[PDB]
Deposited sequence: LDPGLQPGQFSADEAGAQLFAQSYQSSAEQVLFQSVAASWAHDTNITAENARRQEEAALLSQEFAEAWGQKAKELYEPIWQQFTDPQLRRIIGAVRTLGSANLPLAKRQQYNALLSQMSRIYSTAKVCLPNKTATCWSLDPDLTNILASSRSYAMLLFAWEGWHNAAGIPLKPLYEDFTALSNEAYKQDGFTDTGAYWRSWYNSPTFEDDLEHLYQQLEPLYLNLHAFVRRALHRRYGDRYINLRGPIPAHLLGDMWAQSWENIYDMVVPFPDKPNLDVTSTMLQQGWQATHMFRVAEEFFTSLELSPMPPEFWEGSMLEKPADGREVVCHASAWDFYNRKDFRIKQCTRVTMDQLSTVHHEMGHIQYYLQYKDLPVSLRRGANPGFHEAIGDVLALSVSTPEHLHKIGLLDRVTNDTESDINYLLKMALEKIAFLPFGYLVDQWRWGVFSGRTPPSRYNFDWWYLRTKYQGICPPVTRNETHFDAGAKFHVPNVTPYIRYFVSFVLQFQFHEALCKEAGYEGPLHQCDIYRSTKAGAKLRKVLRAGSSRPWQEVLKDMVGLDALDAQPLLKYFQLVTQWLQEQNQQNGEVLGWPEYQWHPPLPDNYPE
């Protein structure tokens, strides 16, 4: 480690710790920058040379984290907890968690190589007969094809191509991660990930939320299953069994917005999927980011700086180059460079994803002047919820009208049910998946799910929560969890479940602050500088204060609460219940063993 980057001496006391943290910050920005830079270079241009570079950068970071980690231990191990300065106890608390830097060098190199090989396998996998990529080709098939055999080929192809080769690496990664975090005092890596919510009752709290939300999901599921039955027939849809996992518009069945056209309650009201209009009008990626931005400035939040426009990758490269297409928002930790990397497609759901990603950037712009260790959301779920909250306003028929995407206006009970159903396809359908992913991963980290049951336990959870089944037989040579980006890329998931609850609490609060007094689901906070100021206080706080207190200042309550979500959706919750009873549906999937047959001429 360069001399300039190494820790000096500090007193063993709180005044030393303050100088320590200032010295650290000087040197940490340079180290975070080189690492983020090498990551960007690789992810926007996957080559062996760029992967070698990212590996060395990652090793440099570990070296740093180890020297500054062991020094912070040596000097403040038994005294940091008693520091008067709360921001300082959290900075110190971060620095002395070494993570992967606890590993000896050989294992550190093995760890860094595993992350790089898993990322590469996921982001370069293809399905062939001439080969389809995930983004855009398979994405578009899952979204728009309504042919059982085509969707299946895409589903199976992807899960096989991405999952099967990840499995040996994922096992090795899991052992090393655990070894690393056990030397910071955690039983396993999952315990460390959960520690970020600083709540003793986290798992119980999540479970109590899910119990309130589950009836919504059960009713949506049944109603969608019925619409699937009418299209696909009795051979492929069991009205008392799980839904085949390739029919819901998305590779993971995680959001069902793309089958909206098959399930829309009242088809001669306004068409609320404005994708056709966007194409018809000639929208491109950069227009989508510009329109997101202008929402932010309408609140008196910050525009995207020049560095963002010059550096970002907003379209899939046409010049050959392999890239990681999975959308992401990047802080370079130099207070100057912030970028998005997205293989943006011109669709309504991508407009929402553009807002999601820009919400990440906006957080990074607002907390850029905190110490590096406090440059995070009050919890991870808060960072995931910012962009989603604005997208709630953008999605409204009134807002869409204002931005020229929805010529007709209507305010009647049918249009409202259409809108809430569309939104339930996006938000309610995701809840089970949001919850289950890290239940899977927590079991893997703890050792409850060994390699020999990775796929068995995955599908147990998928059926248990989402009420889906795999459309072809799977066995333990398959590694279907590995066909979802966040598993190989080691990104936690429970943030998204937290986010899907939190965003409705935020929405309700920002709507009331804006002076809005109509139904919660028709609120649009566009141009509300009051709403703006309230959101700004959250974004500026970073992780400098407990998330419970930041939440309480924002929404007046110190806990996750499903009530705002339930309220937003109440009309469609009631409507779906009534429809399902009148149709005589079975709620749930009591034929839990059922799987559909193979199509007759498959795949030939």
| item | value |
| --- | --- |
| Segments lacking C-alpha coordinates (deposited sequence numbering, starting at 1) | 130-134 |
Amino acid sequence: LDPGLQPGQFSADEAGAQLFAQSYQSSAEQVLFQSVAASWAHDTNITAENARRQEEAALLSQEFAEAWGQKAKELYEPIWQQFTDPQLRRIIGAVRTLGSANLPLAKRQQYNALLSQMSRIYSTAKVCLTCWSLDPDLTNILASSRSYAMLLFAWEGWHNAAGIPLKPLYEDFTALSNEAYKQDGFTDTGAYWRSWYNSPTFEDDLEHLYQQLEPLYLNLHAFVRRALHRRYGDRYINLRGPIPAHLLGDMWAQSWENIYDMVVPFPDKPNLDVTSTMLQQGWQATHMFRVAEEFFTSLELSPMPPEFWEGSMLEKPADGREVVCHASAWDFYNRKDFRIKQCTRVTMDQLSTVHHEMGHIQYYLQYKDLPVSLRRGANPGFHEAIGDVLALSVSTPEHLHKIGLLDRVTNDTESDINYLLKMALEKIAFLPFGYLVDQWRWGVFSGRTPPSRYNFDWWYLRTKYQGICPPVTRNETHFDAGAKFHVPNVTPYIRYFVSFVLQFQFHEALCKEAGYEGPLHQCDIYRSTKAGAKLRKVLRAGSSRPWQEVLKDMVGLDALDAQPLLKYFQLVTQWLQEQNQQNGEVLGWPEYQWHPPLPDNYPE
From here on, numbers count along this sequence of modelled residues.
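If you superpose the two forms and keep the largest set of C-alpha atoms that fall within 1.5 Å, you have the rigid core.
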property: More shifted region, core-based fit in 6 other deposited structures of this protein, 311-319 vs 402-410 by CA; result: 402-410
property: Between stretches 74-82 and 242-250, more displaced by Cα RMS in 6 other deposited structures of this protein (rigid core superposition); result: 74-82
property: Higher-scoring stretch by recorded Cα B factor average, 256-264 or 430-438; result: 256-264
property: Greater mean Cα temperature factor according to the PDB record, 377-385 or 410-418; result: 410-418
property: Out of 482, 86, 242, 450, highest CA B-factor residue; result: 86
property: C-alpha B-factor winner, where the candidates are 399, 73, 486, 221; result: 73
property: Residue 362 - Cα temperature factor, lowest/middle/highest third of chain; result: lowest
property: Residue 341 - which third its CA temperature factor falls in, relative to the rest of the chain; result: middle
property: Within-chain third of residue 391 by Cα B-factor, per the entry; result: lowest
property: Residue 329 - which third its CA temperature factor falls in, relative to the rest of the chain; result: lowest
property: Third of the chain, ranked by Cα B-factor, where residue 290 sits; result: middle
